[PDB]
Amino acid sequence: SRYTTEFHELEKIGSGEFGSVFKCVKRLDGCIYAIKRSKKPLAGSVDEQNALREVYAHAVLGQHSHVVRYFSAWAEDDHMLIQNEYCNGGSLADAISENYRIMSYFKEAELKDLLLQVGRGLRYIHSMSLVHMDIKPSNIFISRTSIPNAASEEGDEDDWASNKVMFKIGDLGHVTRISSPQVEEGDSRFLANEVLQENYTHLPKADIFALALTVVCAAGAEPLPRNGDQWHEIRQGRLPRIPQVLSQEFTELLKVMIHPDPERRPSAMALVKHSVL
Amino acid sequence: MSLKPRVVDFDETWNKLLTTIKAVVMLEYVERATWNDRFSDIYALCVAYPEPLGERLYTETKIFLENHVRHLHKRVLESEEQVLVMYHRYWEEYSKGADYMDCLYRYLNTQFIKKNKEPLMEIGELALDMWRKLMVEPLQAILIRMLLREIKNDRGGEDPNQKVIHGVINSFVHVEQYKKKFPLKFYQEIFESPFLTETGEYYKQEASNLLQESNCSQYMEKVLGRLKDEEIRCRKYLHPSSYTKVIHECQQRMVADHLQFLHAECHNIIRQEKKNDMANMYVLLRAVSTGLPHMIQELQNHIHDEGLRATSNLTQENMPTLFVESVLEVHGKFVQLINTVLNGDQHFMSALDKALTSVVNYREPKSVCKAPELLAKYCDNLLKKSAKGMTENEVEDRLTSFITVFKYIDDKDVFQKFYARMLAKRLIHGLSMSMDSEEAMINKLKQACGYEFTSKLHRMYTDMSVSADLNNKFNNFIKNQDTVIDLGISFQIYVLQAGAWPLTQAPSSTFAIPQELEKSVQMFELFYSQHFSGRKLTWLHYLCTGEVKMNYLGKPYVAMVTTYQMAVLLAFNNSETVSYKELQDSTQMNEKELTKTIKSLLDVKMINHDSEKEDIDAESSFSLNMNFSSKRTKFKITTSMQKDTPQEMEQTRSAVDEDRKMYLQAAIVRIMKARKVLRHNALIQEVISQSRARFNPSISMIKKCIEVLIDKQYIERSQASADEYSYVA
Amino acid sequence: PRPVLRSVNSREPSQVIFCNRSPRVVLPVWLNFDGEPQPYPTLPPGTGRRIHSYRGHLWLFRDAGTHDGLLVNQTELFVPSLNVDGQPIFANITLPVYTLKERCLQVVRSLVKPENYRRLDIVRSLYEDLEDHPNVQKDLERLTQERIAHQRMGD
Amino acid sequence: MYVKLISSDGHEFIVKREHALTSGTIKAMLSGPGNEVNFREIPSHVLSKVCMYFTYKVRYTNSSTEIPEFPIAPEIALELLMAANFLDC
Amino acid sequence: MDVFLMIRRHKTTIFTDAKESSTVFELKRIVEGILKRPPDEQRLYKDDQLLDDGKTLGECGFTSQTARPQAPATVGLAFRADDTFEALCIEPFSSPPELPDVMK
Amino acid sequence: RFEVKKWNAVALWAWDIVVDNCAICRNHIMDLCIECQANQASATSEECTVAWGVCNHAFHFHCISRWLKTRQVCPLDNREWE
């Protein structure tokens, strides 16, 4: 196999019924990449069209800043392996968990930054007649950058922090074309009412609606309901209680993103070109 | 002369270094220049290009030290009868010489031995090792022996040279300075093992002779003196780590061996209140493990006997005052003595309290305990207003002293009920001497027992606190009515809670309200209905104390009267002709009480009886006394109701028992509520512990109330094989 | 069987600002949950870096070139603490005070090829000191020694 | 209190006593009956640097300020190591 | 801050520290504490310049960065054995040995 | 001739509730109930809570409410209590 001859595992960073994910280094240059290993999907099974939709999404999209890069893929030894860039930061699911463990919460500017990258990414993806339909805190990835700063040891000594955090959208398995809609049943937590009734005319607004729910969850709210009265309450344009206070303009933005009517929710093009961020 | 390696002969440098080392060991005078020079020679001999000579130097130093130790041992062994002083003098210089030559030997120890570490030890440790190997151990069989006799003579009275003995003893500890696993085991094995046995054996013989020669009282002082002397001798001679041990070895031989002889005297010690011997006896028995319980038991028995005899022959007149004063003075006299002589040990306070609890609660084999009733009488006498009343602060101090005796009551339910009855009787007639004194006395009960004990008394006071405002409001409301005339009547009605207030009307006989004051009722109920939503008030005619009689006359006389006498007096005066039977039953009912009141009025000599018999008959006639004269224009007729009856005390005791039933049942139900499964003995113990604070319930009454609750079906029992008590909601 | 110098996993965030004060280039190392160190990028002298690390992790700071030990907060070993009121934890790096032998040993090590130590005219018994180079494992063992020493002197 | 070190060349250095007692041997060489000392093996260039090292070590110990590195010249870096071994500094 | 400097004359060398605030007369007191000489006969030269009591160490040129403990500043001293002053004379330390073969 | 100048009287106060001893609640009508005196919680020192009944029968609010919860019929008359 080419995986054992050219790639070297470094750490196992995923598990599940889908397969596994490993941190690898290739001998040719030595840059750190990530390898997804799984089985062959069955014929006439959901994972099959998920995989083909994902590979077509990578083929069409190409390369971009906010979308995790695809490099190569192959199937061998009853295993299917795909190659993407290594985002060292992690997923928001782990970040929110570790941040909540100490009863600490994100800063509002960080929330505005979250909105900036996610809106720009959704704008770029929808530019190519595509809808993600798989948006959630576990599908948003982080990448780190470092910048040194200087402080005078003698006499006065003041140090300032200046670091940039980059956010990327991944897991293009559920992506379907707006002209040819093939929607897979999404997670009940972040599933818009329109998708629940299979109304396949306002697909781009469903991801905008789920985006505000992801941001609210990142703000420090309780785990989202999976079904029932609280589910309907959230779907009725009502937002959950937040441990911290936030600006009223941002709250209005959240409400309008969680508006019932899909048309009355703003599109990504309006959101990206907003002075609020 | 470069620091780089060269070639040097061993013989000359070795000879010079050995001469310098010998001079240092002798504690002789060595010039500063040779001391400067020898370190350079040492450095030359340590590192070398051909081969280092550290191993040869170490062996030569060991040989020289061995020779010196052998010479010193031979010299000290040659002199007899002066071995100890020679040993001390030689060690005093050898320690300093070894320290100085180890300071000179810093390079070899720092580099060679620590790197290498045939065990290898530093020169400073090697010197002491050789000293203990060939100077101490071979002489040990002598060195300790004579040493101990120089201690034994100290017991005789002659003190030998302390410096030499202390130095010799400290030498054993100083030898083991470098040892870290057991720095004091060698000294312990060489000194403590034989010396402890020797001194313990000597003290037993000394104590036997001292006890045989002298009496117990002098024995005690002599033992204390010997202990004090040993406490100083140990500090003078022995190591600081052993000061306790030898002391213990004395106290287990001179006091512990004669314990019985002490205990047989204990009785005679503390039944005569001897402040001299007791203070030393207690101190010496504190060290003894099991000498204290005998003291506790005997003192408790003495206290109980004294307390019982203190109240055996007190006069019947002024019963409560003497009973309280004797207990208070006994408690004070004993507590001050115990705190002064016995250093205030808590066990003795506990024993005193235990004895006083039984002394206060002394009960005759067939009689009922009289403590709560006597204490209630004492409180009533102190609190009631009288012409011979005393100042308020003295009353407060007396109550504060009395609360101490009150704390010793075993069962406070009877006392609580008696206090409620007396306080109600006092406040109805306004016999209290101060309004704030009642609150001050109630606060003592509140802090002693809790809120549940005196909540009834708090609402008791609150009733009359609000009654004055209610009366003022009624007086204000009187003027509101357009056309209402009250004539002469001007009354206050005390609004009282039925359940909280203990007074009640056991016989339920209806009474006919006189027509002259009929409106007094109706206006009061209408005012109460207007002011209060749905409160229903019941009139008590047994405690009405309204004074009414003619005031304008040639010979006026006004007397306090009761409504029961008021009705019959009004009926008699309204009709100009006296009636015997038709008037008495036409105007009032409950003829027996009316006849009793009429007989009381005859005893007052207000109306003459025409029956000429001491017993009132149905046909007996009467006549108003036209020549009635009283020494006072205004007076009060003393009704027989003011005096209590032992039958009323019987019903009070029955009510207390019923309240005990109710409280026990509630506690039992709460106990099943706590846990479903209850064991028989466990349940009994839990009930006793829970209910002990308020009073002491008996097992039989607890079983009776448990069976009563069985009848209520809240408790289910399966079989009388394994004791289990299940609970049913 | 876990070494005493082990860290503890807590998923507990902490914000630490590494500041370099020594003229020599520093190199942080972190002890993992197993007990072995892992390096990290070097910090140029006179530069600072705010970084995110979890609480309870053990940090050491060695030299990039010679691997001689350096003191962090005047201590060999550094461990973060929970952030209070939003102030990052400071972990300064400062030069120790070498005794005259090691400070003189470093220059000789720098100026002499490791194969030529036998050639220099010096006392024969001392190249045993110069031949050894500083390594992290020996310092770790010596650091673990005082743990058992302290537990011994505590009773 | 001032102590006096003598050089093999003949130079005499005068320093504070507490500065000099830093080294183990020089303290030992005054521990016993044997104020002034005499070194007949150490040249002048080594000792004129050893004294500066004493001053630097005493001044910049347990200090909050940054500790500058001790500049040892490369020409004397070989004769200043035998001196550090001998003196047990 | 302060300076750390030495005083040299012929074969003799003394180490000391001082505050730049202080004047020369204080150093004269410090040095006569060892030399047991009157301050008037002592004459301090920096390089080839005469020093006076009134001037302070800050005025002369000795600064905190000029004389660190590891690099003390050399100061010369002159006495007066008779009515006339004797000129300065300080000899340098021994010349260092040449760098060896391997160390190049 | 007898006449009246000034009167005095003492009268208690109760409620318009027809009950003998409240055997179901096992307490006096105007005295504290089992639950109030056993929980030792905050309550009025004189009258915690009195809920008048439509059927002219009333117990303490807590115990009568518990009895109503466990059985809708009134214990005295086997009817509905409000």
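Going by the order they are written in, the chains are A, B, C, D, E and F; count residues from 1 in each one.
Everything that follows uses one rule, which is that a contact is a pair of C-beta atoms (placed from the backbone, for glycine too) under 8 Å apart; a residue touches a chain by one contact, two chains touch by 3 or more.
Nearest to the common centre of all protein CA atoms is the CA centroid of chain B. Summarising the inter-chain contacts, the pair of chains with the most C-beta pairs in contact is B-F.
Centre-to-centre, using mean CA coordinates, chain C is 29 Å away from chain D. In terms of their C-alpha centroids, the spacing between chain D and chain E amounts to 19 Å. Inter-chain spacing, taken between the CA centroids of chain B and chain D, is 71 Å. Computed centre separation for the pair chain C/chain F is 81 angstrom, with centres defined by C-alpha atoms. For chain A, the set of residues that touch two or more other chains comprises 153. Contact with two or more other chains is made by residues 100, 103 of chain E.
Those chain pairs judged to touch are A-C, A-D, B-C, B-D, B-F, C-D, C-E, D-E.
Listed in rising order, the residues of chain C touching chain B in the complex are 121-126. Against chain C, the residues of chain E that register as touching in their complex are 100, 102-103.
Note for the complex: chain A touches chain C at residues 97-99, 101-102, 104, 146, 148-151, 153, 159, 161, 163.
The touching residues of chain B, when paired with chain C in their complex, are 3-5, 47-49, 52.
Taken together, the chain D residues at the contact with chain E in this complex read 2, 9-16, 19, 43-45, 48, 51-53, 55-56, 59-60, 68, 70-71, 73-76, 78-79.
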